[PDB]
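Enquirer: The structure follows.
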Amino acid sequence: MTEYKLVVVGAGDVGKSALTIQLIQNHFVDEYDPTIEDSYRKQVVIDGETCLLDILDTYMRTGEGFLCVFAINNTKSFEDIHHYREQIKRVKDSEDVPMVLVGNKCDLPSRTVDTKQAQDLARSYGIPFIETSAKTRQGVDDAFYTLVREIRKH
Ligand SMILES: Nc1nc2c(ncn2[C@@H]2O[C@H](COP(=O)(O)OP(=O)(O)NP(=O)(O)O)[C@@H](O)[C@H]2O)c(=O)[nH]1
Ligand SMILES: [Mg+2]
């Protein structure tokens, strides 16, 4: 079937790796042990088109579409997403590159990125915003299938 090369980007401990795992083994890890594989893959169905997801946990010119991740519990990571999109679309000679902004760590009650704040950042960058929590799985599948449609409708 069709295969889609997604890479997860973002700042430190935002939960890039942690997002992946939950997507692949439907489980929430509390600490990765310094990089093992970094490049998993999963068979899924999206609207009948069953297809494969090659997730690269962070060369990435290969990437087809990108999830940009910031944790909502610290605003530095959320400021750094400009630096990422600006670099995603750098090594890609196109301001058009399938992309999803995801805010992680929703069970955390001391949030410091307003849900509006992302929401507006997203629309200004043209992309969609999803909120996730690898610990409670909420919208972890959601944020990935979104990216896959942003690649197919591209
Ligand atoms: N409460 C909560 N903690 C989360 C959530 N997602 C990730 N974390 C935690 O945040 C920490 C960072 O996870 P990790 O996947 O290593 O983040 P990372 O982006 O891979 N960090 P690094 O850039 O060092 O590889 C982990 O210990 C994980 O338990 C979430 O939704 N809720
Ligand atoms: Mg990681």
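Letters A, B, ... mark the chains of the structure tokens in the order given; residue numbers begin at 1 per chain; ligand numbers begin at 1, in order shown.
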Could the residues that lie within 6 Å of ligand 2, counting only C-alpha atoms and all ligand atoms, be listed as a list in words?
Expert: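 Listing the residues within 6 Å of ligand 2 gives residues 16, 17, 57 and 58 of chain A.
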Enquirer: Let's have the selection written as a CSV table (one decimal), in the first residue's frame, with C-alpha atoms.
Expert:
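Everything below was put into again-v2.csv:
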```csv
chain,number,residue,atom,x,y,z
A,16,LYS,CA,8.8,13.3,21.1
A,17,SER,CA,10.0,9.7,21.8
A,57,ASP,CA,12.0,9.8,16.3
A,58,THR,CA,14.4,12.8,16.7
```
Enquirer: Within 12 Å of residue A:94, counting only C-alpha atoms, which residues show up once you throw out same-chain ones fewer than 6 positions away? Write them as an mmCIF file with N, CA and C atoms, in the first residue's frame, please.
Expert:
```cif
data_model
loop_
_atom_site.group_PDB
_atom_site.id
_atom_site.type_symbol
_atom_site.label_atom_id
_atom_site.label_comp_id
_atom_site.auth_asym_id
_atom_site.auth_seq_id
_atom_site.Cartn_x
_atom_site.Cartn_y
_atom_site.Cartn_z
ATOM 1 N N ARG A 61 15.736 15.136 5.345
ATOM 2 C CA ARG A 61 15.204 15.549 4.048
ATOM 3 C C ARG A 61 14.230 14.506 3.503
ATOM 4 N N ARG A 85 9.874 24.982 12.193
ATOM 5 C CA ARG A 85 9.240 25.179 10.898
ATOM 6 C C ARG A 85 10.182 25.901 9.967
ATOM 7 N N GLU A 86 10.798 26.975 10.458
ATOM 8 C CA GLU A 86 11.749 27.715 9.642
ATOM 9 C C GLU A 86 12.872 26.822 9.140
ATOM 10 N N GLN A 87 13.170 25.736 9.840
ATOM 11 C CA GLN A 87 14.213 24.822 9.402
ATOM 12 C C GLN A 87 13.658 23.604 8.677
ATOM 13 N N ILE A 88 12.477 23.113 9.081
ATOM 14 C CA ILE A 88 11.797 22.083 8.291
ATOM 15 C C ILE A 88 11.697 22.537 6.840
#
```
Enquirer: Find the residues around stretch 21-33 of chain A up to 7 Å (only C-alpha atoms counted), leave out those fewer than 6 positions away in its own chain, and share them as a PDB file with C-alpha atoms, in the first residue's frame.
Expert:
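What ended up in result-v9.pdb:
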```pdb
ATOM      1  CA  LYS A  42       3.212   0.661  12.046  1.00  0.00           C
ATOM      2  CA  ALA A 134       1.110  10.237  25.615  1.00  0.00           C
ATOM      3  CA  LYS A 135       0.377   9.345  29.227  1.00  0.00           C
ATOM      4  CA  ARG A 137      -3.163   8.538  24.898  1.00  0.00           C
ATOM      5  CA  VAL A 140      -2.045  10.568  19.974  1.00  0.00           C
ATOM      6  CA  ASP A 141      -3.516   8.576  17.105  1.00  0.00           C
TER       7      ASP A 141
END
```
Enquirer: Run DSSP on the backbone of this structure and report the residues of chain A it assigns to helix (DSSP H, G or I), as number ranges by chain.
Expert: A: 16-25, 60-62, 75-79, 81-88, 90-92, 115-124, 140-152
Enquirer: Closest to residue A:111 among A:70, A:144, A:40, A:125, using only C-alpha atoms?
Expert: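 Ranking A:70, A:144, A:40, A:125 by distance to residue A:111, first place goes to A:70.
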Enquirer: Which one of A:114, A:54, A:3, A:38 sits closest to ligand 1 if you count only C-alpha atoms and all ligand atoms?
Expert: A:38
Enquirer: Could you pull out the residues in chain A that DSSP calls strand (DSSP E or B) from the backbone, as a VMD selection string?
Expert: chain A and resid 3 to 10 39 to 46 49 to 57 65 to 71 99 to 104 129 to 131
Enquirer: Pick out the closest residue to residue A:142 from this set: A:112, A:130, A:34, A:68. Count only C-alpha atoms.
Expert: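 Among A:112, A:130, A:34, A:68, it is A:130 that comes nearest to residue A:142.
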Enquirer: Can you list, as a PyMOL selection string, every protein, DNA or RNA residue that comes within 12 Å of residue A:116 when you count only C-alpha atoms, leaving out same-chain residues fewer than 3 positions away?
Expert: chain A and resi 72+103+112-113+119-123+129-131
Enquirer: Write out, as an mmCIF file, in the first residue's frame, the residues just selected, with C-alpha atoms.
Expert:
```cif
data_model
loop_
_atom_site.group_PDB
_atom_site.id
_atom_site.type_symbol
_atom_site.label_atom_id
_atom_site.label_comp_id
_atom_site.auth_asym_id
_atom_site.auth_seq_id
_atom_site.Cartn_x
_atom_site.Cartn_y
_atom_site.Cartn_z
ATOM 1 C CA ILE A 72 2.516 22.858 27.189
ATOM 2 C CA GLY A 103 0.926 20.283 22.203
ATOM 3 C CA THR A 112 1.875 27.617 30.523
ATOM 4 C CA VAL A 113 0.881 27.631 26.823
ATOM 5 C CA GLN A 119 -4.446 27.566 18.270
ATOM 6 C CA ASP A 120 -3.566 30.982 16.878
ATOM 7 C CA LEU A 121 0.062 30.064 16.264
ATOM 8 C CA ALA A 122 -1.184 27.064 14.286
ATOM 9 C CA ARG A 123 -3.554 28.987 12.009
ATOM 10 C CA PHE A 129 -3.155 22.203 16.252
ATOM 11 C CA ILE A 130 -3.906 19.042 18.208
ATOM 12 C CA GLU A 131 -3.425 18.521 21.933
#
```
